[PDB]
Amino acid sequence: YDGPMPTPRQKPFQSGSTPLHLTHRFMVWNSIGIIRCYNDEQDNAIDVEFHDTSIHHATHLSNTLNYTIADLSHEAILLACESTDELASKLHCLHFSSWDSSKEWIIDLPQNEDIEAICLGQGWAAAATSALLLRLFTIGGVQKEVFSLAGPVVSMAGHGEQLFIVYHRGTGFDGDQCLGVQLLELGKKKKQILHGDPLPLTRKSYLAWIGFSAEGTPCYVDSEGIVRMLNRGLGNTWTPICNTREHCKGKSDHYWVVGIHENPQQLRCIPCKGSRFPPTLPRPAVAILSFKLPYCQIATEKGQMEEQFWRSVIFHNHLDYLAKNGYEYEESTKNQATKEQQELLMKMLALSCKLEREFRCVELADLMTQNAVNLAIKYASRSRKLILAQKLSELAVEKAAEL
């Protein structure tokens, strides 16, 4: 027939890695460091580098078992290899931060089970296998819980107690993938935050990179340069926070995401000219792109301030998440966020007042604090906006009644 064709399911990958066929490739490049693998026919070597030299010294390994998957954190180095006709699939952990004399452990998966993806969390490690199993391990080598995956894994990321799994929930058509996300919190109270929700992607695009921001919010990038971030303040939906194609000059130009930071806001990525991944040598330079939510009429003052407001809102939801889970957060960052947002609301209200859009001013005042609304009332008494001042006063009464 001549209709829709099933899209081939994309293969699993480690975020921040370059393809396996390269002689000198990146196994992982994140906010902790870089892991490179030089593999020809004579020898196979793995080199580990840390951005902060104080964390650990540079580590060089002789890749005898031919490790093809790697992840790096401030605690350990995680390595994995598939099975051969003689050896089993192995998970290798270099626990360099351990305070004891045993800084290494390795485990063999059962017969005919191959590791397809790994990720490192805070004090734990996870491995998705060809048996549609997810195996949890402590950073010291204890086997934790095991559960089955609803489909073949695509990529896996970890941060703190959070586990971020993207897998094939179905079969897409006409170039589209059919991906689902399983988001778990592996603390003392186990929670499945997302029960295989559909992962939004740009049409005819595939998954290019997943992970967490340094502050601990799940994020991912598709092959069309669209960067999306979990919106905890919007029912755990996914909000686009950047479009790396706006910084590209041609079709063959791409950006290779390395890390995401919310405070200060910066998207650390490698500019790539001619391909989607940078060559290992010479050392590529990390670029810093700004985040921009895809808002309408962003060239106008209204659209510009509206984008700044909602970007400030979503990039400070992590403070509430750190508070709800007992983590440590700076109360000063929370206060600066509110002041930054109340200033943008006040400037947007003054703009709507100049445009004789007084109903819009009351809508903006609904997002304001009680102090900001009281200030907007006196600004409305000024400039002879008498009815607007009355509507704002009635809004201030309603806000005080909500307490």
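Residue indices: 1-based, along the sequence shown.
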property	result
56-64 versus 30-38 - which carries the larger mean C-alpha B factor in the record	56-64
Average Cα temperature factor in the PDB entry - higher stretch of 201-209, 281-289	281-289
From 233, 121, 170, 250, residue of greatest CA B-factor	250
Residue with maximal Cα B-factor (values as given in the PDB entry) among 148, 155, 73, 111	111
Assigned third (lowest, middle, highest) for the C-alpha B factor of residue 364	lowest
Residue 329 - Cα temperature factor, lowest/middle/highest third of chain	highest
Third of chain Cα B-factors occupied by residue 346	lowest
Entry-reported Cα temperature factor of residue 246, expressed as the chain third it lands in	highest
Third of the chain's Cα B-factor distribution that residue 218 belongs to, per the entry	lowest
